[PDB]
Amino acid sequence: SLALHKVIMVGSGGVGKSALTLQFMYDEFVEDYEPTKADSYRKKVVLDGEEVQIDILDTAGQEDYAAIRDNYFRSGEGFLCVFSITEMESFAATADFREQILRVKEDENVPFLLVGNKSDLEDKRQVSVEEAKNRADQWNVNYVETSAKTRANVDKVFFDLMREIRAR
């Protein structure tokens, strides 16, 4: 039987959670994907020679019922905490999600990657690579910049996260 890995996408609105999920899943950039939809996706992928299945839960703010949210988080094995390099407030918001995840999983070593998305909009960058890295260092997690549009580092973030999961 193939090993199953559960990944959870978290972050504020419009940072690219759905766009990253769909690029990785179906290899296509889907613009204006319905913002209030939360859904799960699964498929087989090859990680370092081994065939495994990845399950991705794409969350949305609309679903704010505590019991439901906490259940989704407790079921996740790794998290991609996404923000938009073009929105300073989304970067600041990452602290909020980090707090909720730590509250529910009580594990400061839980597989977690800080993801700065929309790297293709460099000319609108409001968050420098320096400040993002400093924060990542403080939480002892790695930082990766992606673009759901050009697909830069998209496979890398999911793959790197699965590797951390594989080691815990």
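Note that residue numbering follows the sequence shown and begins at 1.
Visitor: On average, are the C-alpha B-factors higher in 7 to 15 or in 20 to 28?
Guide: Higher mean C-alpha B-factor: 20 to 28.
Visitor: Where do the C-alpha atoms have the higher mean temperature factor in this entry, in 57 to 65 or in 30 to 38?
Guide: The stretch with the larger mean CA B-factor is 30 to 38.
Visitor: With respect to the C-alpha temperature factors reported in the PDB entry, which of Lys118, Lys44, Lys133, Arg103 ranks highest?
Guide: Of the options given, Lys133 has the highest CA B-factor in the PDB entry.
Visitor: Comparing against every modelled residue in the chain, figure out the third that the C-alpha B-factor of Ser90 lands in (lowest, middle or highest).
Guide: Tercile = lowest for this residue's CA B-factor.
Visitor: Lowest, middle or highest third: where is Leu161 by Cα B-factor in its chain?
Guide: For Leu161, whose C-alpha B-factor we compare with every modelled residue in the chain, the answer is the lowest third.
Visitor: Is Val129 in the lowest, middle or highest third of its chain when residues are ranked by C-alpha B-factor?
Guide: For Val129, the deposited C-alpha B-factor lands in the highest third.
Visitor: Give the position of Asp70 by CA B-factor within its chain, expressed as the lowest, middle or highest third.
Guide: Middle third, going by the recorded CA B-factors of the chain.
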